[PDB]
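J.: Sequences listed follow chains B and A, in order.
Here the first sequence is numbered in the entry's author numbering, starting from 25 and rising by one per residue.
Here the second sequence is numbered in the entry's author numbering, starting from 31 and rising by one per residue.
All C-beta atoms, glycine included, are put in the ideal place defined by N, C-alpha and C.
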Amino acid sequence: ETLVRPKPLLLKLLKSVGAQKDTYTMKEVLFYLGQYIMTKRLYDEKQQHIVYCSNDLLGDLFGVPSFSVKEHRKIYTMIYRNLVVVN
Amino acid sequence: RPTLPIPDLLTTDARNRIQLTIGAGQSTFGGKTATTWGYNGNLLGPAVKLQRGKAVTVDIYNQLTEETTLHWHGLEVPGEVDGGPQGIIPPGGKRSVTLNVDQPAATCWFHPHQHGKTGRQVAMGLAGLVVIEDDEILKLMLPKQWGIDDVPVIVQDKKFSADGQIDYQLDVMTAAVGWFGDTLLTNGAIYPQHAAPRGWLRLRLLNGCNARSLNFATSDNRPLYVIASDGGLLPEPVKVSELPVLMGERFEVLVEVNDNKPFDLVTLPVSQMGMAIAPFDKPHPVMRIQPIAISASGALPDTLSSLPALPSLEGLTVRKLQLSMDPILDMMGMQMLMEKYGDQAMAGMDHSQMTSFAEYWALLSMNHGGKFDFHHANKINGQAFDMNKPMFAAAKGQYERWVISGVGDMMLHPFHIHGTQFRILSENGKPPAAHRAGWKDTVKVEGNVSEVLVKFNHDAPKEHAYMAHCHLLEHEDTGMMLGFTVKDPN
Numbered sequence: 025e026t027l028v029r030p031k032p033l034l035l036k037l038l039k040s041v042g043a044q045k046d047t048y049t050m051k052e053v054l055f056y057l058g059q060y061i062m063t064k065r066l067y068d069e070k071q072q073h074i075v076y077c078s079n080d081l082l083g084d085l086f087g088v089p090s091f092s093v094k095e096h097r098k099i100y101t102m103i104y105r106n107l108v109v110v111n
Numbered sequence: 031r032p033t034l035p036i037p038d039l040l041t042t043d044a045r046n047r048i049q050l051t052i053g054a055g056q057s058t059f060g061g062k063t064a065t066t067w068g069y070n071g072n073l074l075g076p077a078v079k080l081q082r083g084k085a086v087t088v089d090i091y092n093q094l095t096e097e098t099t100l101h102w103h104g105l106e107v108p109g110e111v112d113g114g115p116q117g118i119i120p121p122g123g124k125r126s127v128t129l130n131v132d133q134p135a136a137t138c139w140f141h142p143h144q145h146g147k148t149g150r151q152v153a154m155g156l157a158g159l160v161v162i163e164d165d166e167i168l169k170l171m172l173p174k175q176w177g178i179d180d181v182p183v184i185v186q187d188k189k190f191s192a193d194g195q196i197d198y199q200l201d202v203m204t205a206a207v208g209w210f211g212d213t214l215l216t217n218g219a220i221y222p223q224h225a226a227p228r229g230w231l232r233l234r235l236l237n238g239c240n241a242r243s244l245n246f247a248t249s250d251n252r253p254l255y256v257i258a259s260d261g262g263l264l265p266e267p268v269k270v271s272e273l274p275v276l277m278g279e280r281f282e283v284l285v286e287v288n289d290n291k292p293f294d295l296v297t298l299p300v301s302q303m304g305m306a307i308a309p310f311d312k313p314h315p316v317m318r319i320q321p322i323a324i325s326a327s328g329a330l331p332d333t334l335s336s337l338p339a340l341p342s343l344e345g346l347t348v349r350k351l352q353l354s355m356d357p358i359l360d361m362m363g364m365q366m367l368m369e370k371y372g373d374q375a376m377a378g379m380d381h382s383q384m385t386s387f388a389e390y391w392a393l394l395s396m397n398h399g400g401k402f403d404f405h406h407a408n409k410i411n412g413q414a415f416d417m418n419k420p421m422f423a424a425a426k427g428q429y430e431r432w433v434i435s436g437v438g439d440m441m442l443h444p445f446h447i448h449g450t451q452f453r454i455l456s457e458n459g460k461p462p463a464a465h466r467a468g469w470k471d472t473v474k475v476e477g478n479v480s481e482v483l484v485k486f487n488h489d490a491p492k493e494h495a496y497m498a499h500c501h502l503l504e505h506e507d508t509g510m511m512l513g514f515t516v517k518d519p520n
C-alpha cells in the first residue's frame, strides 16, 4: 500500500464529494475521485471510458479537457502530479 | 485445384510398436516456402490405426532444437502415457509408451502439449490422428476405404509473414482472442480437391485451428449425416444442414455423391470475436469433391451403436470450475483487435454489450501497481496454471458432475478434460444438440455454464497428472488450465 498528501487543488476536488481528511491512502483517492466524476456526470453516457473535464476543476487539475479511463499509466501520472507520496 | 493429401495410415510392424519422429523441414504454401514441423513428416503426421483391447508401444523421437510433448487427445489411458510433469521429451530424446486401447471405435488425434508452447508448436505443423477400431464398427458396413470414401479432413488456419514463413506471436492480442489467420489448410493443402466414388463419402472432420472455430456445410446445401463425435459413434445418424466444430473436436459425417455435380465442403462465418474478418466474412471453401468412377464401399445405417444409460445424478461428487480472463487482458486485447481490422472485427457478436464507467474505473484502480503479467491473466478457479499443485483428486471408476462456468467473459472456451470420454448434460446453458449427446472430450463454454458427467478409469498421480484446459490454445498457454489426480479410494 501507499500513503499520500493531496496538493491543494486536488484536496479541494476531494472534499467537494465529502472527504474531510488531509492525508489519504491511494485506494482512498481513487475511490473519492471516481466518486467525483460519477457525481458530476463527467463521463459520456455512450462511451463511458471517456471523461470530459474541459470546463471543470478536474480539467485544471489534470491539465486536459479529456481523458480515457483505459490509458491507466497516463491517468496515474496525472494523479501523481498532484500528490505528495509520504513513503 | 491440388489433390487433397491423405495421412499415411500406420499399423504396427513385426514388433507391435509404432515409431514417430518429431522433425522439422519445409512445406510450400501458394508457392512460398515455409518452415514447418511434423510427425514422421514435413507436416502434420499420420493416422495411427489402433485396435481396441490390443496394446501397442510408441517410441517418440524428438528432432527439434527445442523440447515438446505428445498428448493423445481423446484417449482413455493413465496420466502416465501423457506424461505431464516430466512427461517432456528433450531434444534428440526418446520416450516410450504403451497404449492398451479400451474405448469404442473413434477418431482421436495427438498434438504437442506443453504449457506455454502448445500454441506455437501446433501452429508449426505438429498434429496427427488416431483411428480406433472395435469389432462393432467393422460389423457396421460404413465406408471403409481409407483415403477413398473414408477421408481424414484436418482443417486449420494459419497466417504467414512477408517471407512466406509461419507468423506466430503470443502477444497480448493472441493471448486474448487467439492466434488466427487468413489461409485455410485442409490436410495441409489450400483448397484441395478430392475424388470420391458415387455413393456415400465418410469424412472424419477435425478442427485443428488454434482459436478459429469452424462451421461445416456444403456449397450446394446437401445435408451432412453426423455419425460420430469425439469419442465414438452416435446411436443414430443426426442429419444436419451445418456442423459447427470447435478446436480439437472431431465429427465423422457422411455425405451423398450422385451426379458428376462437384461441390465443396465449406465453413460458414462464425459468431466469434475475430473470426469473421475477411476472408472468413463469407462462406469459405474447405475442399472440393469431384465424383468419378471409383469403387464405393459403405452405407448410411439407421442405427450405429448402443449407448449406455446415465447413472442417477445425485450423490455424484460435484466440482465447479469457473473460467476467468483477467479483465485487463480483455480490454487491451480488444483494443489491439479494434485497431488492426477496423470494426469489421467484432462483426457477428457486435451489439449492445458494454462496460460502465464504474467498471472502467475499478479496472483502473485495481492495477495500481501497473504489474499486469498477462501470462497468468487466464485462470480457472481464480489461479492460473502451476504444475506444482494438482487442483483436486477425483475418484477412479466413479461418476462425477463437473460444472464449468464461463460467466464474466464472452470468449469461446472449448474445454478439454484428459483421460476420459464424457457426456454433456448442459452445454453453455442449453441441453446438448442431438449429435453432441454422444461421447465427447470437449465442451462449449461461452459466457454461460456447462455440466458434464465424467468418469475416469485410469490412474494419474501428481507425477504424471491429468489436465483440464481451454483448447483455444493461447488461453491454455496463458494460464487457463489445471491439473488433477485419480486413484482407487483408500
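1. Give me the Cβ distance between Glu504 of chain A and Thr204 of chain A, rounded to the nearest whole Å; I'm assuming they're in contact under 8 Å.
2. How many angstroms separate the CA atom of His143 of chain A from the CA atom of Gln199 of chain A?
3. Between residue 18 of chain A and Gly211 of chain A, is the Cβ-Cβ spacing less than 7 Å?
4. Taking only beta-carbon atoms, is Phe404 of chain A less than 7 Å away from chain B?
5. In angstroms with no decimal places, state the Cα-to-Cα distance between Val256 of chain A and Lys70 of chain B.
6. Would you call the region 469-484 of chain A and the region 386-395 of chain A in contact, with 3 or more CB pairs under 8 Å?
7. Would residue 22 of chain B pass as an interface residue toward chain A - the criterion being a Cβ-Cβ separation below 7 Å?
8. Leaving out five residues before and five after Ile36 of chain A in sequence, what residues of the same chain have Cβ atoms less than 8 Å from its Cβ?
9. Tell me where the alpha helix (DSSP H) around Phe387 of chain A begins and ends.
10. Quick one, which of B:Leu27, B:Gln72, B:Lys64 has its alpha-carbon nearest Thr385 of chain A's?
11. Could you work out which residues of chain B lie near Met355 of chain A, taking near to mean beta carbons separated by less than 9 Å?
12. Return the chain-ordered ranges of every beta strand (DSSP E) run that is complete within the region 330-412 of chain A and spans a minimum of 3 residues.
13. Could you check if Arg453 of chain A is buried or exposed, using at least 16 other CB atoms within 10 Å of its CB as the buried criterion?
14. Looking only at DSSP bridge pairs, what is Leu34 of chain B linked to?
15. Does the CB of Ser395 of chain A have a neighbour CB from chain B at under 7 Å?
16. Buried or exposed for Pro444 of chain A, please, with buried defined as at least 16 other CB atoms from any protein chain shown within 10 angstroms of its CB.
17. With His314 of chain A as the anchor, note down where its alpha helix (DSSP H) starts and where it stops.
18. Can the beta-carbon of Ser354 of chain A be found closer than 7 Å to that of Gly459 of chain A?
19. Could you tell me whether the Cβ atoms of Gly194 of chain A and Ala64 of chain A are closer together than 7 Å?
20. Quick one: residues in its chain with C-beta nearer than 8 Å to the C-beta of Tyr76 of chain B, no 5 flanking neighbours on either side, listed in chain order?
21. Taking the alpha helix (DSSP H) that residue 13 of chain B belongs to, which residues open and close that run?
22. Nearest chain A C-beta to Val93 of chain B closer than 7 Å, yes or no?
23. For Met421 of chain A, which three-state DSSP category applies?
24. What is the DSSP secondary structure of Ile324 of chain A, counted as helix, strand or coil?
25. Classify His101 of chain A: buried if its beta carbon has 16 or more other beta carbons within 10 angstroms, exposed otherwise.
26. If you follow the alpha helix (DSSP H) that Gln151 of chain A is part of, which residue opens it and which one closes it?
27. Using the Cα positions of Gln56 of chain A and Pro341 of chain A, report the straight-line distance between them to the nearest angstrom.
28. Going straight from the alpha carbon of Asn478 of chain A to that of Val516 of chain A, what length do you get?
29. Per DSSP, which residues does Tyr56 of chain B bridge with? Please list them.
30. Under a CB-based cut-off of 7 Å, is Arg65 of chain B close to chain A?
31. Name, in chain order, the residues that DSSP records as bridge partners for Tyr48 of chain B.
32. So, are the CB atoms of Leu346 of chain A and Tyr429 of chain A less than 7 Å apart?
33. Using a Cβ cut-off of 8 Å, pull out every chain B residue sitting near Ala388 of chain A, in sequence order please.
34. Quick check: the Cα distance between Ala425 of chain A and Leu351 of chain A, rounded to an integer number of angstroms?
35. For the region 31-54 of chain B, which residues have a CB atom closer than 8 Å to at least one CB atom of chain A, in sequence order?
T.: Concretely, from the data shown:
1. Contact holds; Cβ gap of about 5 Å.
2. 18 Å
3. The structure shown has nothing for residue 18 of chain A, since chain A only spans 31 to 520.
4. no
5. 45 Å
6. no
7. With chain B represented from 25 up to 111, any question about residue 22 of chain B goes unanswered, as that position is not in the structure.
8. Excluding positions up to five away in sequence, the list reads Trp176, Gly177, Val181, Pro182, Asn217.
9. 387-396
10. Closest by alpha carbon: B:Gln72.
11. Against chain B, a Cβ distance below 9 Å from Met355 of chain A picks out nothing, because the smallest value is about 17 Å.
12. 347-355, 408-410
13. buried
14. In the DSSP output, where bridge partners are listed per residue, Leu34 of chain B has none listed.
15. yes
16. buried
17. Careful: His314 of chain A lies outside any alpha helix (DSSP H), inside the beta strand (DSSP E) at 314-321.
18. The answer is no: Cβ separation not under 7 Å.
19. yes
20. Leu66, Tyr67, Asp68, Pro89, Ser90, listed in sequence order.
21. The requested residue 13 of chain B does not occur in the structure, where chain B is confined to residues 25 to 111.
22. With respect to chain A, the C-beta atom of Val93 of chain B has a partner C-beta closer than 7 Å.
23. coil
24. coil
25. buried
26. 148-154
27. 51 Å
28. Approximately 27 Å between the Cα atoms of the pair.
29. According to DSSP, which records beta bridges pairwise, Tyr56 of chain B is partnered with nothing at all.
30. no
31. B:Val28
32. yes
33. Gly58, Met62
34. 17 Å
35. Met50, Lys51, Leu54
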